[PDB]
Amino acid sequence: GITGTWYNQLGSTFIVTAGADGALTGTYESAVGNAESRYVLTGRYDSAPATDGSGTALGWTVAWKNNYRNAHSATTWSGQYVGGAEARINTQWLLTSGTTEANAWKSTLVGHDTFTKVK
């Protein structure tokens, strides 16, 4: 259910393949921030989720360097996939920028992204 194209509330595009082995691989294109075009992502998901009606835990990382620019930053998304008619991936994320030690207190943004199969 996870493999495919997903869109969050910002209009970013998350292209992912879920491997039989628990791997997530794909590309991420952000609608905002110091980013242009596609970035590599890799992550992991629970390939044998609970028998009951529970979400499928997952996470992935983008480092914001590609052939066009380098923001010296990385975002990790941690969340769960929920299938069905209005399938969603509900996430919280941490975006860490490379900082000097003096500025490390302000290195990390936190937020939440909800991904759907429709824009």
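In this text, residue numbers run from 1 along the sequence as written.
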Take the C-alpha B-factors listed in the entry for 104-112 and for 8-16, compute each mean, and give the stretch with the larger one. 8-16
30-38 versus 87-95 - which carries the larger mean C-alpha B factor in the record: 30-38
When the entry's CA B-factors for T51, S47, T61, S78 are compared, the highest one belongs to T51
Could you look up the Cα B-factor of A71 in the entry and say which third of the chain it sits in: lowest, middle or highest? middle
